[PDB]
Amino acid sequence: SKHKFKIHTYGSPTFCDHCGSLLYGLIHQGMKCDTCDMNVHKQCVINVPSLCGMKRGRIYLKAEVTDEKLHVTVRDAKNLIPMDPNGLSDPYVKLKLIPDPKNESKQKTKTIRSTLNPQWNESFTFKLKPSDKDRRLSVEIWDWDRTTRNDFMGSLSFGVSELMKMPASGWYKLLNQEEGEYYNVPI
């Protein structure tokens, strides 16, 4: 089901339904679909699937707590969303314990260029503090953009207190940024 996008001027802050970031500019900040009301950046049109009136792929992870250490294995991901005009992305994963208002906990994988099916095969250790029992492990995939802001691709999270009781291992469905801070969907 194809979309029919036309230029639009937005009178209140509106975000791109494809890549997540603000539609900016004095006028004509994005493209709106005549049928379903989807709003995207001009440069995102090419990557929007034909789902008018009708996902983000999946990631394979392990996360296990031993003593006071949370150890995360970031293997690979499949069927990710393209964020660049060539119909690909340059994905990396950012891991942190949230809430993190001082931005202290983040760690990241390397960037895999030009793919929707990256393999990282990297692992990360977090030394847990007592207050981390109330936090969540956040896992976010982003498209690296060299000269513009990086683009959100998909995410999920696990409760630290839950990981203490039961390690995680398997495929997980990638979620939007807001849902991903609070939920995960095993596959």
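Throughout, we count residues from 1 along the sequence that is shown.
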query: Deposited but uncoordinated residues in the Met54/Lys55 interval; finding: 4 to 9
query: Segment of higher mean CA temperature factor, 149-157 or 129-137; finding: 129-137
query: Mean Cα B-factor comparison, 98-106 or 111-119, giving the higher one as deposited; finding: 98-106
query: Within-chain third of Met31 by Cα B-factor, per the entry; finding: lowest
query: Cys16 CA temperature factor, ranked by third within the chain; finding: lowest
query: Modelled-residue ranking by C-alpha temperature factor, third containing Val48; finding: middle
query: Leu163 - Cα temperature factor, lowest/middle/highest third of chain; finding: highest
query: Third of the chain, ranked by Cα B-factor, where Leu70 sits; finding: middle
